[PDB]
């Protein structure tokens, strides 16, 4: 479902900008990986209905862009952390040129909610932790390669607006 980059487009891009584009690996030998973590069911927060739609669309898109997509659902922040550590260690990243990480859940200002989150006992994965686990130390195989993080979550409970008269 993705509009393709033609031979004319690709070289025009390779002309407009000289040595400032991320290199892409040969189609037949590259092993691109992406990971979707989607929390839909929660202990103390309402079910995220419609989430299956988000899962479907993002899996289809990333597969069509050349990524092998893994999908993990309904996880605590500890599970998410374990899963991201495993993802960072995947040897396929050595023969990849890039990665996508997609998180979809309830969220608050601090970060993304695990399945057990409540105001009483927080279950939160911080964006800081996500960056740490995919950095050059913890994920050397993706050194110098673009790492794209997409987050569908609230970042607090404000409507995000201010009123003015007229």
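Numbering follows the first chain given and starts at 1.
Which wins on mean Cα temperature factor, 7-15 or 146-154?
-> The entry gives the higher C-alpha B-factor average to 7-15.
What stretch has the higher average Cα B-factor here, 111-119 or 56-64?
-> It is 111-119.
Selection by C-alpha B-factor (highest) of 99, 126, 105, 135 = The record points to 126.
Entry-reported Cα temperature factor of residue 39, expressed as the chain third it lands in | Its C-alpha B-factor, which the entry lists for residue 39, ranks in the middle third among residues of this chain.
Within this chain, which third does the Cα B-factor at residue 76 fall in: lowest, middle or highest?
-> Its C-alpha B-factor, which the entry lists for residue 76, ranks in the middle third among residues of this chain.
For residue 141, the third of its chain into which the C-alpha B factor falls | Tercile = middle for this residue's CA B-factor.
Among all modelled residues of this chain, ranked by Cα B factor, put residue 48 in the bottom, middle or top third, i.e. lowest, middle or highest.
-> Middle third of the chain for residue 48's C-alpha B-factor.
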